$ cat data_5.tsv   # TSV, C-alpha atoms (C1' of nucleotides)
chain	number	residue	atom	x	y	z
A	1	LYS	CA	-8.62	-40.31	0.42
A	2	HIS	CA	-6.20	-39.11	-2.24
A	3	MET	CA	-8.01	-40.03	-5.45
A	4	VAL	CA	-6.34	-38.65	-8.56
A	5	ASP	CA	-9.80	-37.80	-9.90
A	6	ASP	CA	-9.89	-34.88	-7.44
A	7	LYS	CA	-6.38	-33.64	-8.28
A	8	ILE	CA	-6.33	-33.47	-12.09
A	9	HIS	CA	-7.00	-30.03	-13.56
A	10	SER	CA	-6.19	-28.29	-16.84
A	11	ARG	CA	-6.88	-24.73	-17.98
A	12	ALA	CA	-7.16	-23.13	-21.42
A	13	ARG	CA	-8.56	-19.58	-21.46
A	14	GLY	CA	-11.06	-19.79	-18.62
A	15	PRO	CA	-12.47	-17.20	-16.21
A	16	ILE	CA	-10.30	-14.37	-14.93
A	17	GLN	CA	-10.30	-12.29	-11.76
A	18	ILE	CA	-11.94	-8.88	-11.43
A	19	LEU	CA	-9.21	-6.82	-9.73
A	20	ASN	CA	-6.59	-8.01	-12.23
A	21	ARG	CA	-7.29	-9.74	-15.52
A	22	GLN	CA	-5.28	-12.78	-14.47
A	23	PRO	CA	-6.50	-16.42	-14.45
A	24	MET	CA	-8.60	-17.54	-11.47
A	25	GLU	CA	-7.46	-19.73	-8.58
A	26	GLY	CA	-8.25	-23.32	-7.68
A	27	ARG	CA	-9.39	-26.18	-9.89
A	28	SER	CA	-12.84	-25.59	-8.38
A	29	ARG	CA	-12.93	-22.22	-10.17
A	30	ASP	CA	-11.11	-23.48	-13.30
A	31	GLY	CA	-8.05	-21.44	-12.37
A	32	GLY	CA	-4.61	-21.83	-13.88
A	33	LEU	CA	-1.29	-22.65	-12.29
A	34	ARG	CA	0.94	-20.00	-10.75
A	35	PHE	CA	4.17	-19.24	-12.61
A	36	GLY	CA	5.86	-17.84	-9.54
A	37	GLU	CA	9.11	-16.11	-8.73
A	38	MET	CA	11.15	-19.32	-8.63
A	39	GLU	CA	9.72	-20.37	-12.00
A	40	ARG	CA	10.62	-17.02	-13.56
A	41	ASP	CA	14.00	-17.44	-11.86
A	42	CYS	CA	14.67	-20.78	-13.54
A	43	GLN	CA	13.47	-19.44	-16.89
A	44	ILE	CA	15.84	-16.49	-16.44
A	45	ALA	CA	18.70	-18.93	-15.85
A	46	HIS	CA	17.58	-20.78	-18.98
A	47	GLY	CA	17.57	-17.59	-21.03
A	48	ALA	CA	14.13	-18.23	-22.56
A	49	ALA	CA	13.10	-14.59	-22.87
A	50	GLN	CA	10.27	-15.29	-25.31
A	51	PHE	CA	8.89	-18.07	-23.10
A	52	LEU	CA	9.11	-15.78	-20.06
A	53	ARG	CA	7.21	-13.08	-21.93
A	54	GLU	CA	4.61	-15.61	-23.08
A	55	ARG	CA	4.09	-16.92	-19.55
A	56	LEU	CA	4.04	-13.62	-17.67
A	57	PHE	CA	2.39	-11.38	-20.29
A	58	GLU	CA	0.96	-13.19	-23.33
A	59	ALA	CA	-0.72	-16.16	-21.62
A	60	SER	CA	-1.60	-14.33	-18.38
A	61	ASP	CA	-2.98	-10.83	-19.00
A	62	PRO	CA	-2.34	-9.24	-22.42
B	1	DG	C1'	56.61	46.49	33.74
B	2	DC	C1'	56.20	44.96	28.52
B	3	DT	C1'	55.92	39.48	26.26
B	4	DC	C1'	55.38	35.17	26.98
B	5	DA	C1'	52.52	32.48	29.66
B	6	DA	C1'	48.83	30.63	32.18
B	7	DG	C1'	44.46	30.09	32.29
B	8	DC	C1'	39.64	29.94	30.43
B	9	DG	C1'	35.25	29.66	28.92
B	10	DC	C1'	33.04	28.89	24.80
B	11	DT	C1'	32.47	26.17	20.81
B	12	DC	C1'	33.26	22.18	17.72
B	13	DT	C1'	33.34	17.84	16.82
B	14	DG	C1'	33.13	13.21	18.25
B	15	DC	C1'	32.57	8.92	20.47
B	16	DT	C1'	30.10	5.64	22.43
B	17	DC	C1'	25.51	4.35	24.55
B	18	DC	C1'	20.94	4.13	24.76
B	19	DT	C1'	16.69	4.34	22.58
B	20	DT	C1'	13.49	3.90	18.72
B	21	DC	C1'	11.71	2.36	14.24
B	22	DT	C1'	10.84	-0.29	9.73
B	23	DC	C1'	11.15	-4.89	7.57
B	24	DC	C1'	11.58	-9.74	7.31
B	25	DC	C1'	10.66	-14.42	7.77
B	26	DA	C1'	10.18	-21.46	0.94
B	27	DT	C1'	7.02	-22.87	-3.17
B	28	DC	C1'	2.86	-24.82	-5.09
B	29	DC	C1'	-1.70	-27.29	-4.37
B	30	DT	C1'	-6.71	-29.21	-2.11
B	31	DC	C1'	-10.90	-28.72	0.87
B	32	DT	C1'	-14.43	-26.76	4.36
B	33	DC	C1'	-16.29	-23.26	7.95
B	34	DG	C1'	-17.81	-18.72	8.93
B	35	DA	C1'	-18.99	-13.56	7.97
B	36	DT	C1'	-20.76	-10.42	4.76
B	37	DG	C1'	-23.85	-8.40	2.28
B	38	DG	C1'	-28.80	-2.72	2.54
B	39	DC	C1'	-33.39	-2.66	0.50
B	40	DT	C1'	-36.28	5.53	4.61
B	41	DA	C1'	-40.87	7.28	1.25
B	42	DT	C1'	-43.73	11.16	-1.20
B	43	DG	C1'	-44.47	15.51	-2.27
B	44	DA	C1'	-43.49	20.29	-2.81
B	45	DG	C1'	-41.02	24.02	-5.11
B	46	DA	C1'	-37.97	25.75	-8.87
B	47	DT	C1'	-34.79	25.89	-12.78
B	48	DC	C1'	-33.65	24.60	-17.61
B	49	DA	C1'	-32.94	22.71	-22.00
B	50	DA	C1'	-35.31	20.68	-25.68
B	51	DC	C1'	-39.96	19.69	-28.68
B	52	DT	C1'	-44.23	21.66	-30.50
B	53	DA	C1'	-46.82	24.45	-32.00
B	54	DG	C1'	-47.21	29.58	-33.06
$ encode --input "data_5.tsv" --output "structure tokens"
Amino acid sequence: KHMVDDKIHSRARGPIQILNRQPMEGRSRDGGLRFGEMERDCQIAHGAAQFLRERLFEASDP
DNA sequence: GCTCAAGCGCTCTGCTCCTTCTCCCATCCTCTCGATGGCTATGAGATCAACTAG
């Protein structure tokens, strides 16, 4: 039952939550992906400070 | 009978045991199922601050 047509999802400035102005959840609600603690961890190891700021502040909830 | 002792109870850690208390338990993603959610009136008095004239 795993048809790719039900797994593809992309987000570009869609709806945001009400408690926090962060992107919604679930492709059904046009929500973005979660840049979690391990992702920030790997970006820290990279040293991409500007990319980390863009992901966690600029592209999430300015 | 005149000074070193022997004890002595009281206090100060302290040492270990037992008990109690707070936190903690990978990431991301999809879907459905259920629960939830509140909606007295109508009138009476009385004050007050802003228009509308004087």
$ closest_residue --input "data_5.tsv" --among "B:12, B:53, B:23, B:28" --to "chain A" --atoms "all atoms listed in the file"
B:28
$ residues_around --input "data_5.tsv" --residues "stretch 31-39 of chain B" --least-positions-apart "2" --cutoff "12 Å" --atoms "all atoms listed in the file" --output "ChimeraX atom specification"
/A:1-2,6-7,26-28 /B:29
$ atom_distance --input "data_5.tsv" --atom1 "atom CA of residue A:42" --atom2 "atom CA of residue A:56"
13.5 Å
$ closest_residue --input "data_5.tsv" --among "A:37, A:54, A:61, A:30" --to "chain B" --atoms "only C-alpha atoms (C1' of nucleotides)"
A:37
$ closest_residue --input "data_5.tsv" --among "B:15, B:8, B:26, B:51" --to "chain A" --atoms "all atoms listed in the file"
B:26
$ atom_distance --input "data_5.tsv" --atom1 "atom CA of residue A:16" --atom2 "atom CA of residue A:44"
26.3 Å
$ residues_around --input "data_5.tsv" --residues "residue A:20" --least-positions-apart "3" --cutoff "12 Å" --atoms "only C-alpha atoms (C1' of nucleotides)" --output "list in words"
residues 15, 16, 17, 23, 24, 60, 61 and 62 of chain A
$ closest_residue --input "data_5.tsv" --among "A:4, A:18, A:52, A:12" --to "residue A:35" --atoms "all atoms listed in the file"
A:52
$ closest_residue --input "data_5.tsv" --among "A:8, A:3, A:19, A:38" --to "chain B" --atoms "only C-alpha atoms (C1' of nucleotides)"
A:38
$ closest_residue --input "data_5.tsv" --among "A:9, A:40, A:58, A:47" --to "residue A:21" --atoms "all atoms listed in the file"
A:58
$ build_atoms --input "data_5.tsv" --residues "stretch 6-42 of chain A" --atoms "N, CA and C atoms" --output "PDB file, in the frame of the given file"
ATOM      1  N   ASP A   6      -9.675 -36.171  -8.080  1.00  0.00           N
ATOM      2  CA  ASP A   6      -9.890 -34.880  -7.440  1.00  0.00           C
ATOM      3  C   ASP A   6      -8.652 -33.997  -7.477  1.00  0.00           C
ATOM      4  N   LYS A   7      -7.601 -34.418  -8.179  1.00  0.00           N
ATOM      5  CA  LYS A   7      -6.380 -33.640  -8.280  1.00  0.00           C
ATOM      6  C   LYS A   7      -6.046 -33.197  -9.692  1.00  0.00           C
ATOM      7  N   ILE A   8      -6.603 -33.854 -10.710  1.00  0.00           N
ATOM      8  CA  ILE A   8      -6.330 -33.470 -12.090  1.00  0.00           C
ATOM      9  C   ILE A   8      -7.069 -32.181 -12.421  1.00  0.00           C
ATOM     10  N   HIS A   9      -6.395 -31.291 -13.148  1.00  0.00           N
ATOM     11  CA  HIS A   9      -7.000 -30.030 -13.560  1.00  0.00           C
ATOM     12  C   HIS A   9      -6.165 -29.418 -14.672  1.00  0.00           C
ATOM     13  N   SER A  10      -6.832 -28.967 -15.730  1.00  0.00           N
ATOM     14  CA  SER A  10      -6.190 -28.290 -16.840  1.00  0.00           C
ATOM     15  C   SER A  10      -6.980 -27.033 -17.187  1.00  0.00           C
ATOM     16  N   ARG A  11      -6.272 -26.013 -17.663  1.00  0.00           N
ATOM     17  CA  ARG A  11      -6.880 -24.730 -17.980  1.00  0.00           C
ATOM     18  C   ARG A  11      -6.475 -24.282 -19.373  1.00  0.00           C
ATOM     19  N   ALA A  12      -7.436 -23.725 -20.110  1.00  0.00           N
ATOM     20  CA  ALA A  12      -7.160 -23.130 -21.420  1.00  0.00           C
ATOM     21  C   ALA A  12      -8.173 -22.003 -21.629  1.00  0.00           C
ATOM     22  N   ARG A  13      -7.760 -20.785 -21.274  1.00  0.00           N
ATOM     23  CA  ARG A  13      -8.560 -19.580 -21.460  1.00  0.00           C
ATOM     24  C   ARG A  13      -9.922 -19.695 -20.757  1.00  0.00           C
ATOM     25  N   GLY A  14      -9.869 -19.750 -19.429  1.00  0.00           N
ATOM     26  CA  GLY A  14     -11.060 -19.790 -18.620  1.00  0.00           C
ATOM     27  C   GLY A  14     -11.388 -18.444 -18.000  1.00  0.00           C
ATOM     28  N   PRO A  15     -12.124 -18.460 -16.891  1.00  0.00           N
ATOM     29  CA  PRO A  15     -12.470 -17.200 -16.210  1.00  0.00           C
ATOM     30  C   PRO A  15     -11.258 -16.516 -15.615  1.00  0.00           C
ATOM     31  N   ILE A  16     -11.369 -15.196 -15.470  1.00  0.00           N
ATOM     32  CA  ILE A  16     -10.300 -14.370 -14.930  1.00  0.00           C
ATOM     33  C   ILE A  16     -10.846 -13.557 -13.762  1.00  0.00           C
ATOM     34  N   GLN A  17      -9.927 -13.068 -12.931  1.00  0.00           N
ATOM     35  CA  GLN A  17     -10.300 -12.290 -11.760  1.00  0.00           C
ATOM     36  C   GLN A  17     -10.859 -10.931 -12.174  1.00  0.00           C
ATOM     37  N   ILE A  18     -11.329 -10.176 -11.186  1.00  0.00           N
ATOM     38  CA  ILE A  18     -11.940  -8.880 -11.430  1.00  0.00           C
ATOM     39  C   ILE A  18     -10.994  -7.732 -11.096  1.00  0.00           C
ATOM     40  N   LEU A  19     -10.162  -7.881 -10.061  1.00  0.00           N
ATOM     41  CA  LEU A  19      -9.210  -6.820  -9.730  1.00  0.00           C
ATOM     42  C   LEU A  19      -8.094  -6.756 -10.762  1.00  0.00           C
ATOM     43  N   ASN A  20      -7.556  -7.908 -11.147  1.00  0.00           N
ATOM     44  CA  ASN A  20      -6.590  -8.010 -12.230  1.00  0.00           C
ATOM     45  C   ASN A  20      -7.069  -9.058 -13.212  1.00  0.00           C
ATOM     46  N   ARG A  21      -6.809  -8.826 -14.495  1.00  0.00           N
ATOM     47  CA  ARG A  21      -7.290  -9.740 -15.520  1.00  0.00           C
ATOM     48  C   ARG A  21      -6.367 -10.947 -15.622  1.00  0.00           C
ATOM     49  N   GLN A  22      -6.121 -11.593 -14.479  1.00  0.00           N
ATOM     50  CA  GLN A  22      -5.280 -12.780 -14.470  1.00  0.00           C
ATOM     51  C   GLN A  22      -6.144 -13.996 -14.202  1.00  0.00           C
ATOM     52  N   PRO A  23      -5.718 -15.200 -14.646  1.00  0.00           N
ATOM     53  CA  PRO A  23      -6.500 -16.420 -14.450  1.00  0.00           C
ATOM     54  C   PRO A  23      -6.937 -16.627 -13.007  1.00  0.00           C
ATOM     55  N   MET A  24      -8.067 -17.316 -12.818  1.00  0.00           N
ATOM     56  CA  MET A  24      -8.600 -17.540 -11.470  1.00  0.00           C
ATOM     57  C   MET A  24      -7.737 -18.491 -10.653  1.00  0.00           C
ATOM     58  N   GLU A  25      -8.206 -18.823  -9.446  1.00  0.00           N
ATOM     59  CA  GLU A  25      -7.460 -19.730  -8.580  1.00  0.00           C
ATOM     60  C   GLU A  25      -8.256 -20.961  -8.247  1.00  0.00           C
ATOM     61  N   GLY A  26      -7.570 -22.095  -8.077  1.00  0.00           N
ATOM     62  CA  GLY A  26      -8.250 -23.320  -7.680  1.00  0.00           C
ATOM     63  C   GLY A  26      -8.972 -24.064  -8.781  1.00  0.00           C
ATOM     64  N   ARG A  27      -8.685 -25.362  -8.908  1.00  0.00           N
ATOM     65  CA  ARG A  27      -9.390 -26.180  -9.890  1.00  0.00           C
ATOM     66  C   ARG A  27     -10.898 -26.043  -9.766  1.00  0.00           C
ATOM     67  N   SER A  28     -11.397 -25.740  -8.566  1.00  0.00           N
ATOM     68  CA  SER A  28     -12.840 -25.590  -8.380  1.00  0.00           C
ATOM     69  C   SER A  28     -13.378 -24.409  -9.176  1.00  0.00           C
ATOM     70  N   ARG A  29     -12.558 -23.384  -9.390  1.00  0.00           N
ATOM     71  CA  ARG A  29     -12.930 -22.220 -10.170  1.00  0.00           C
ATOM     72  C   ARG A  29     -12.301 -22.214 -11.556  1.00  0.00           C
ATOM     73  N   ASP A  30     -11.767 -23.354 -11.999  1.00  0.00           N
ATOM     74  CA  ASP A  30     -11.110 -23.480 -13.300  1.00  0.00           C
ATOM     75  C   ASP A  30      -9.945 -22.498 -13.433  1.00  0.00           C
ATOM     76  N   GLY A  31      -9.174 -22.350 -12.358  1.00  0.00           N
ATOM     77  CA  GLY A  31      -8.050 -21.440 -12.370  1.00  0.00           C
ATOM     78  C   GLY A  31      -6.751 -22.113 -12.775  1.00  0.00           C
ATOM     79  N   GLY A  32      -5.871 -21.320 -13.382  1.00  0.00           N
ATOM     80  CA  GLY A  32      -4.610 -21.830 -13.880  1.00  0.00           C
ATOM     81  C   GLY A  32      -3.561 -21.958 -12.795  1.00  0.00           C
ATOM     82  N   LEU A  33      -2.413 -22.490 -13.199  1.00  0.00           N
ATOM     83  CA  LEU A  33      -1.290 -22.650 -12.290  1.00  0.00           C
ATOM     84  C   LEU A  33      -0.538 -21.337 -12.145  1.00  0.00           C
ATOM     85  N   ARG A  34       0.169 -21.205 -11.029  1.00  0.00           N
ATOM     86  CA  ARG A  34       0.940 -20.000 -10.750  1.00  0.00           C
ATOM     87  C   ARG A  34       2.369 -20.174 -11.233  1.00  0.00           C
ATOM     88  N   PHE A  35       2.784 -19.310 -12.155  1.00  0.00           N
ATOM     89  CA  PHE A  35       4.170 -19.240 -12.610  1.00  0.00           C
ATOM     90  C   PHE A  35       4.882 -18.233 -11.726  1.00  0.00           C
ATOM     91  N   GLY A  36       5.388 -18.711 -10.595  1.00  0.00           N
ATOM     92  CA  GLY A  36       5.860 -17.840  -9.540  1.00  0.00           C
ATOM     93  C   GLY A  36       7.269 -17.339  -9.743  1.00  0.00           C
ATOM     94  N   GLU A  37       7.795 -16.742  -8.670  1.00  0.00           N
ATOM     95  CA  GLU A  37       9.110 -16.110  -8.730  1.00  0.00           C
ATOM     96  C   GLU A  37      10.205 -17.123  -9.010  1.00  0.00           C
ATOM     97  N   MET A  38      10.139 -18.298  -8.382  1.00  0.00           N
ATOM     98  CA  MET A  38      11.150 -19.320  -8.630  1.00  0.00           C
ATOM     99  C   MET A  38      11.074 -19.843 -10.063  1.00  0.00           C
ATOM    100  N   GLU A  39       9.864 -19.935 -10.615  1.00  0.00           N
ATOM    101  CA  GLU A  39       9.720 -20.370 -12.000  1.00  0.00           C
ATOM    102  C   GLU A  39      10.308 -19.352 -12.964  1.00  0.00           C
ATOM    103  N   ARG A  40       9.989 -18.071 -12.762  1.00  0.00           N
ATOM    104  CA  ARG A  40      10.620 -17.020 -13.560  1.00  0.00           C
ATOM    105  C   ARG A  40      12.123 -17.012 -13.359  1.00  0.00           C
ATOM    106  N   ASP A  41      12.577 -17.365 -12.159  1.00  0.00           N
ATOM    107  CA  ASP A  41      14.000 -17.440 -11.860  1.00  0.00           C
ATOM    108  C   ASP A  41      14.681 -18.495 -12.721  1.00  0.00           C
ATOM    109  N   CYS A  42      14.105 -19.696 -12.749  1.00  0.00           N
ATOM    110  CA  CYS A  42      14.670 -20.780 -13.540  1.00  0.00           C
ATOM    111  C   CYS A  42      14.620 -20.461 -15.027  1.00  0.00           C
TER     112      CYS A  42
END
